[PDB]
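So the structure is just underneath, and the comments pick up after that.
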Amino acid sequence: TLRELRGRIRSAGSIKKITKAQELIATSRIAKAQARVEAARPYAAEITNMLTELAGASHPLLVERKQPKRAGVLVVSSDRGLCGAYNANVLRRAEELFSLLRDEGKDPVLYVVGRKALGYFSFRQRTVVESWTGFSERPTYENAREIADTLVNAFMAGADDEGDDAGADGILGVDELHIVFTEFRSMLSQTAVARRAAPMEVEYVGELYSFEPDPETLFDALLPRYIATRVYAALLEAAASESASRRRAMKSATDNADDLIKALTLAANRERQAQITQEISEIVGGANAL
Amino acid sequence: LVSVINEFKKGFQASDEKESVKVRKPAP
Amino acid sequence: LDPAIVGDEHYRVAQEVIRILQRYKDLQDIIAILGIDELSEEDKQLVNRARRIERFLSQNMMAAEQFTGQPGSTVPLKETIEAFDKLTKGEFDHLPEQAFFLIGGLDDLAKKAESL
Amino acid sequence: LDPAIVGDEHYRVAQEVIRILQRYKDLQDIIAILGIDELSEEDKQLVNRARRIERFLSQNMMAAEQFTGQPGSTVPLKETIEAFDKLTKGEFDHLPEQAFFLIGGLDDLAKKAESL
Amino acid sequence: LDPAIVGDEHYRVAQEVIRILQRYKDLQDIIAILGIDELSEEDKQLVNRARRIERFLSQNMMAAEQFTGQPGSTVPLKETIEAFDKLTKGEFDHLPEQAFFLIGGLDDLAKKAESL
Amino acid sequence: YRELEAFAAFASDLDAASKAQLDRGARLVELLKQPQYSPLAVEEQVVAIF
Amino acid sequence: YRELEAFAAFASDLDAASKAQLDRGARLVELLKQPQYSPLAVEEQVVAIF
């Protein structure tokens, strides 16, 4: 029947209008988010410069552990839907980190941001210790601050806790921290990138401002906010990349809907012509049969 | 019937990149 | 096709295969309009193995030597039954799709696996 | 039906409910595929109100009591118009839709709701 | 329309004109609401040139002369294609749009530019 | 107003001109409706539309 | 249950009552399976339904 064809046609029209509206909102969002990330950049540059200046002359976080046994990992994902492969890519990277860790033999400790990655982990029976949720593509310093506080508190409880031994630090110590997030460097494409935070190395290059003779306190007060700034930048990059991917996917959806509408219209037209011919043939045969 | 159901229910088993800090001091 | 004549081995495998194909045909519309991202994990894996089964179901012909110039093959029933049982259980997840194309016996599939 | 002939409250209630049902229909046409989250708060509110409306619109019947096993009842006009005005207002949003099925009047609504 | 008939240059210039018009239509569709200030310089140059092109398609007709009193014009093809080829690479965009709004030929364009 | 009706969901993000056009279209489409058996004089119609 | 299952698809969150209804419907659908050439007496039928 052609009634189903008409229903499909109107539904496809509705979905294509929704798609164009969504993609226009998305491109406006990327336009307004590029400004925010580029405005956040200079403060990060200043923080990096002052940290490098402090490190120029003069901290368990900067001292490697004798025998690592565990490793902590962070995953970030979009809280909403309609983002093509955006979560798939970061989950692929997480899986290959897991493979590398199995090769090294160090057990992972999972941390998740966003509903999609939590849902994926639920079906595969992988334990999650802490799941932050509440992102809506627009981050703020509060979420980054609390996440950084929790992670730095957790890692500091891994020194006297030599893995299996629940020492003075307490159980669930972690020897290495890693980050997985989507990096946005150009509008054409974006690539998922892994990283590490807790292990560090000092880079030496060839070559007055001063303070009281306590630089260790300055380092211990600057490192947690360094991690907070790093995760803040990661969140901004993730938001920008998610918005761009949403734009691309929505455009593809519209370009997939239009030709389907055309094909349905053609089928409906041929069906109508066939029907007309059928009844006219039947009536003329009945008439001239007398 | 409910007594029989309760009796039987207990007797049945269930089948189921890296980061680096920058220091201006010449290398030791 | 019934357990009385064919036996109990064929029946369950055939029913599972037909169920998988029916589910894939049901989901194909939403697959076409948007993509595979909207589905859940279990439906995604069902679609994946449905595609694998569909591609594997083709067999190299015997009278196509005029056109393809690749000699054909014949397969005993038990090998087919075991291969389809393994496919339904899903032990060939990591293999690429292109291998499941006009291969005949599963031994030739294993040989073609390393050819890529 | 006419505001002059029947009355004004009856007419306004009928117009409001028919508009709500129409809006629910053309919203469901898209929400059936794009999901619930694609709309704003007002749309979800209207959808829930409409769902309660079509649930409450049924009733038990005299000659069909044998199939249900429970005799039906009848309701006054004023009670119907007051109840539907209250439903359009948006007060019954705290109750499950299952209480609105095969009900008669409002005291039966209260009894069934307290039964769960 | 075929380079085997009207020669190569005519088909060429038609091709660039059509491509420019399509690109401008896409840009106009995508910048109608967001705002011109969000674009780059190449898009602004392209939209300016496309506006010049679409303005230049106007002509002076004696139907208008029946009221205004300015006689119509007949333009030979050779200098028309030459003018279009030049304008596809020309600097005419620095002229105001009212000059190109309607015109009878190259000399009319020069005199209109001089008058402003 | 007819063309710009889809953006009702995200009206906060739109431009001021778009919002003004949407509001004007809404008021206009609300103005046209009339009850039956109520003809209008031409002066009254002109004044209302103006 | 069959009318509600379609609506429940692609739903982020559902109430406990709704999911209980889905569970009961699934159990009821499962219970009604029956192989060919397996006649069942009325007593076993009513026992199973109860």
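Ordering of the structure tokens sets the chain letters (A, B, ...), residue numbers begin anew at 1 in every chain, and ligands are numbered from 1 in the order given.
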
*At a cut-off of 10 Å, list the chain A residues touching chain F, using only C-alpha atoms, as a PyMOL selection string.*
chain A and resi 17-18+20-22+24-25+28-29

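Chains of identical sequence, chain E and chain C give a C-alpha root-mean-square deviation of 1.2 Å after superposition over all matched alpha carbons.
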
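With only C-alpha atoms taken into account, the protein and nucleic acid residues at most 7 Å from region 49-62 of chain D (excluding it and anything under 3 positions from it in its own chain) are residues 20, 21, 24, 45, 46, 65, 71, 72, 73, 97, 100, 101, 102, 103 and 104 of chain D.
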
If you keep N, CA and C atoms, can you produce a file of those selected residues as an mmCIF file, in the first residue's frame?
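Below is the file part_4.cif, written as the result:
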data_model
loop_
_atom_site.group_PDB
_atom_site.id
_atom_site.type_symbol
_atom_site.label_atom_id
_atom_site.label_comp_id
_atom_site.auth_asym_id
_atom_site.auth_seq_id
_atom_site.Cartn_x
_atom_site.Cartn_y
_atom_site.Cartn_z
ATOM 1 N N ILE D 20 -3.618 18.685 22.733
ATOM 2 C CA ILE D 20 -2.572 17.922 23.404
ATOM 3 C C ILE D 20 -2.355 16.586 22.708
ATOM 4 N N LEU D 21 -3.443 15.902 22.350
ATOM 5 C CA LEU D 21 -3.304 14.615 21.675
ATOM 6 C C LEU D 21 -2.629 14.764 20.315
ATOM 7 N N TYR D 24 1.021 15.235 20.867
ATOM 8 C CA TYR D 24 1.649 13.977 21.249
ATOM 9 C C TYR D 24 1.880 13.091 20.036
ATOM 10 N N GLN D 45 7.067 16.827 29.219
ATOM 11 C CA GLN D 45 5.891 17.051 30.053
ATOM 12 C C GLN D 45 4.612 16.781 29.275
ATOM 13 N N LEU D 46 4.524 17.321 28.059
ATOM 14 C CA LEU D 46 3.332 17.121 27.245
ATOM 15 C C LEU D 46 3.146 15.652 26.894
ATOM 16 N N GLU D 65 -18.697 -7.334 31.263
ATOM 17 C CA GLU D 65 -18.171 -7.636 32.589
ATOM 18 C C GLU D 65 -17.746 -9.092 32.716
ATOM 19 N N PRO D 71 -17.969 -6.227 37.545
ATOM 20 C CA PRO D 71 -18.986 -5.327 36.991
ATOM 21 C C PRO D 71 -18.484 -3.897 36.875
ATOM 22 N N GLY D 72 -19.034 -3.179 35.897
ATOM 23 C CA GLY D 72 -18.645 -1.811 35.629
ATOM 24 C C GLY D 72 -19.450 -0.805 36.430
ATOM 25 N N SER D 73 -19.379 0.448 35.986
ATOM 26 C CA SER D 73 -20.060 1.545 36.662
ATOM 27 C C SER D 73 -20.305 2.667 35.659
ATOM 28 N N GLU D 97 0.943 5.304 35.360
ATOM 29 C CA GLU D 97 -0.100 5.204 34.345
ATOM 30 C C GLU D 97 -0.954 3.957 34.529
ATOM 31 N N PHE D 100 -4.507 4.193 35.740
ATOM 32 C CA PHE D 100 -5.530 4.812 34.910
ATOM 33 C C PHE D 100 -6.227 3.817 33.992
ATOM 34 N N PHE D 101 -5.854 2.542 34.048
ATOM 35 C CA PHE D 101 -6.352 1.570 33.083
ATOM 36 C C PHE D 101 -7.632 0.916 33.593
ATOM 37 N N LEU D 102 -8.675 0.929 32.761
ATOM 38 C CA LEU D 102 -9.973 0.323 33.066
ATOM 39 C C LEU D 102 -10.595 0.874 34.341
ATOM 40 N N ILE D 103 -10.500 2.185 34.556
ATOM 41 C CA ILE D 103 -11.001 2.763 35.790
ATOM 42 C C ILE D 103 -12.336 3.459 35.533
ATOM 43 N N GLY D 104 -13.034 3.770 36.612
ATOM 44 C CA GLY D 104 -14.260 4.549 36.530
ATOM 45 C C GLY D 104 -14.359 5.540 37.667
#

*Could you tell me, as a PyMOL selection string, which residues of chain C DSSP assigns to helix (DSSP H, G or I) when given the backbone?*
chain C and resi 8-33+41-56+64-66+77-89+97-99+106-113

Check which residues of chain D sit at most 10 Å from chain A using only C-alpha atoms, and return one row each with the closest pair of atoms and their distance in Å to one decimal, ordered by chain and rising number, as JSON lines.
{"residue": "D:26", "atom": "CA", "partner": "A:11", "partner_atom": "CA", "distance": 9.6}
{"residue": "D:29", "atom": "CA", "partner": "A:11", "partner_atom": "CA", "distance": 6.9}
{"residue": "D:30", "atom": "CA", "partner": "A:11", "partner_atom": "CA", "distance": 7.1}
{"residue": "D:33", "atom": "CA", "partner": "A:15", "partner_atom": "CA", "distance": 9.2}
{"residue": "D:34", "atom": "CA", "partner": "A:15", "partner_atom": "CA", "distance": 8.5}
{"residue": "D:37", "atom": "CA", "partner": "A:80", "partner_atom": "CA", "distance": 8.9}
{"residue": "D:38", "atom": "CA", "partner": "A:81", "partner_atom": "CA", "distance": 9.6}

*asked:* When all Cα positions are paired in order and chain F is fitted onto chain G, what RMSD is left, to one decimal?
replied: 1.6 Å
